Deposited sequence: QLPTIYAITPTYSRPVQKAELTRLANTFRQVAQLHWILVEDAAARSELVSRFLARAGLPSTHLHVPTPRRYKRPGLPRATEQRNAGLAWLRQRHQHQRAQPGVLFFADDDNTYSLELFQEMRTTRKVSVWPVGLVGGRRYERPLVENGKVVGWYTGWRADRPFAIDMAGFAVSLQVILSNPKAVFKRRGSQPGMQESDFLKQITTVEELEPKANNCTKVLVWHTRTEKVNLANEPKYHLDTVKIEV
């Protein structure tokens, strides 16, 4: 049947959290054979997220792992938690079909993207809107192959692409058990390149979204929520989760 698409999503408690998960789930819920690995940045599963997944209507795995005392890129620990669960979930048996991609909880996805990453054999890539201080970022394709990168942040990277711009075959993840994300790098956005370097080469990259000429995913961060008028002493007569 259709190979399973695993979505690794790190998340953390904040005012807009439930709203972001709600609309992301509204998109993922429509994807056939998708499994959502939602990883909370916390010492324990929160009731909010536990309740959400129970009512979300789509297969999921609820994980949690705290991010130590860390303008540095986060979610590194949560993403690795997803990788660990996956590599541990699949035994050295004989059935390892599937693909995975990394989806932050506030990123916007077009349903067209999944049919693209679904066929990933090694590592596929695609354009990402609103990132790197530019309208978009995308790998440059030549005769079906990646031969360059268009990005406003560190274009010298052997893999100058954003976390939201690629998918990795489950087999590739299982075959490279040592391949994880490492934030040790002083360079903020070097995690994706350092990771990808251990699994494939630019030549093996599978260009998606019409040879990388279409934006099917966008970075969308919501503005900080204004709570200036939130009551502290004369509270509402009921408790409401938001």
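Numbering the deposited sequence from 1, one finds a lone region with no C-alpha coordinates, namely 71-74.
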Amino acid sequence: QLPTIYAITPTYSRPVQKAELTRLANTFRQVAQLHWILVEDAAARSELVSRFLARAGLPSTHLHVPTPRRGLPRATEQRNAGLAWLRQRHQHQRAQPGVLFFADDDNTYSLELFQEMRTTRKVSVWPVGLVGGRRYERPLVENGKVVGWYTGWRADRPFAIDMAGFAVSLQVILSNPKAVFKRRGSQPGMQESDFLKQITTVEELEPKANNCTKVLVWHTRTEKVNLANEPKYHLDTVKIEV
From here on, numbers count along this sequence of modelled residues.
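With 208-216 and 51-59 compared on mean CA B-factor from the PDB entry, the stretch scoring higher is 208-216. Mean CA B-factor, 142-150 versus 104-112: the higher value falls on 142-150.
Between the residues 95, 163, 167, 130, the entry's highest C-alpha temperature factor is the one at 95. In the PDB entry, the Cα temperature factor peaks, among 175, 33, 46, 27, at 175. Residue 5: CA B factor in the middle third of modelled residues in this chain (values from the PDB entry). Among the modelled residues of its chain, residue 65 has a C-alpha B-factor that falls in the middle third, as given in the PDB entry. Per-chain ranking of the deposited C-alpha B factor places residue 87 in the highest third. When the CA B factors of the chain's modelled residues are split into thirds, the value for residue 135 lands in the middle one. For residue 118, the recorded CA temperature factor ranks within the middle third of the chain's modelled residues.
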